[PDB]
Structures are given as C-alpha cells and as structure tokens.
C-alpha cells in the first residue's frame, strides 16, 4: 500500500483526509505533528502511525520520513491574516523556508509532493473566475505588507514548478477555497485548512461578541463543504491515469458564493434555530468596521483531472459545520 506522509496532521485536513484514506484498503498513513488530540480516534488504527515531530526543529527526522513514504502533504503553515502583518518574518520562515526544505527532500528522494498553494495567490485578479493556468496574479506595492503571504506562497509554487521542469519532481499543487465542516482548526493553529472567516463568525456567535463587517462586509467569497473538498484531495492522491502530474488545481464550490455579511446572516439564522442555542449568549449584532472583492475559482481542472464536482449545497454545509461546533463546545 501507498505510504502517505501528512505533515501537520493534527487538525482539520489531517483528520478528514486520514478518515478518507483509512476507509480504503490500499493506504498507510503517517501523520506527523507535535500533538495528536485532534486525530486521537486514529491512534490505534493498524494503518495509522503517529510521528512525533516539528518541521521547524526536526531536519533529519522529517527527511527520514520523506524517504520512507511515497506521497508527501505539507500542511504546516501560518495562514491567519493579522499574522502576515504582525509577525511577517515568522510567517516567512515557516511558510516559505521550512516548507522549501521539505520540497527539497521530495526532489532528493524522488517522492510525490501534493502541495497546498493558496487562493490568495490570485490576489486582486480581475477575472470573474480565477484560473490556475491563465489568470494573472495581482498584488499591491511592497509598502502593503499584507501581500507577503500571497507572494511567499506564489514563489514556492514557482520553485516547485521549476523542480518539476528541471529535476523530475512529481507534484500536484492544490488551492482550497474556504473549506468548512466538522473539526475546524483553531483560529491560531499553523495548519492549513479550514476557512478562518467562518470559524471567526461562529466564534462570535458562541462567545457573544459582534460579527465585524469590515467596510460593510460586502466582499464575496466561495465556501466549500469539506466532504466535497476532501473528496477532491483524495482523488488527487489517487491520481487516476496520472492526470494530476504537474497540475495546479483549485478546489472550491463556485456556486456557494456569499459576502461576509450574507454568510453572517446565514449562520445567525441556523444558530437561532439550533437546539443548543440557549447555552450561548444573545447575538451581539453586526458591527461595521473600516480600516479582494471577488474570489471565485474556476474548477475546470478539477473537472478534467478528477471528474469532480461539488455536490453539497450551501445550507447543508452551514448547518452541519455549525451543528458540529456547537455540540463540541465544552460549556464548562
């Protein structure tokens, strides 16, 4: 069976991908992380193996696991916005330098790498649909430090692409678009995965704080149920016909489009109708604030390389993501 190395398995994607893979009879999962509290249901599984580790501290121990496995998924990265501008140097050292080392182990030992690129790479692209192979990437002047995440991730994409072109590195880059569902990452975890926007809003509902609508919260985003998203990631790992080699694939539901405000309204609605509503504070309201206006993915590549099409509809995802969160909250 195929050996899958998941670096930063202790979170959203790690839990869902591992459930998916273990469901099949031809996979062996090596989940590396500094903790296992989020994938404990898998510790005793015969085909799951927890590997103690940290990509900033371990060099040799990670290199060893790259050589031991067949496919590598590097999920460790700082994705939260305020961090780009608060601790930009740390976001660069971890997301760029440390992941670059793992990329190089993959080319050194000739392993397949499935890398999480980001939807922010498109930046202020004007296309109505962001195309992995045709859209231009647009970012602000360097005096707009918020773009450092986007550009860092973009350079990494290009470096992987160069290794693919000149040194036979086998890879597939994937770009998630607001994945959401049960077991969301903590807002400050350095693990790529769950939509931070929806988990912040749910936190708002849970803690009784207001839902900040920056400049009217008019900017639109696309949301994807993790059941759809993880199914596509699974098929990338399958790589039927090897159709994912050298490809860059957006993984999102372009039909689930909503502005921050509309999403806020949708959660509020499912929240008030929820059975455990009474265990949470009263809604504090929408607080306008003012210190990317479109982000719709093209999914032709996913259609083509994966025969994938998102099946769950907006309401089902909202409902289940909220439901699971409320019922998992420790009221004490």
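Numbering follows the first chain given and starts at 1.
The deposited sequence places 10 or more unmodelled residues between residue 291 and residue 292. On average the C-alpha atoms of 78-86 have higher B-factors than those of the other stretch, with 138-146 and 78-86 being the two compared. Note on 109-117 vs 211-219: mean CA B-factor is higher in 211-219. Set against one another, the Cα B-factors of 53, 31, 46, 297 in the record reach their highest point at 46. Set against one another, the Cα B-factors of 302, 62, 57, 266 in the record reach their highest point at 266. The deposited CA B-factor of residue 315 belongs to the highest third of values across its chain. In this PDB entry, the Cα temperature factor of residue 66 sits in the bottom third of its chain's modelled residues, the lowest group. Sorting the modelled residues of the chain by their CA temperature factor places residue 154 in the lowest third. Per the deposited record, the Cα B-factor of residue 204 falls in the middle third when ranked against the other modelled residues of its chain. Compared with the other modelled residues of the chain, the Cα B-factor recorded for residue 259 ranks in the highest third.
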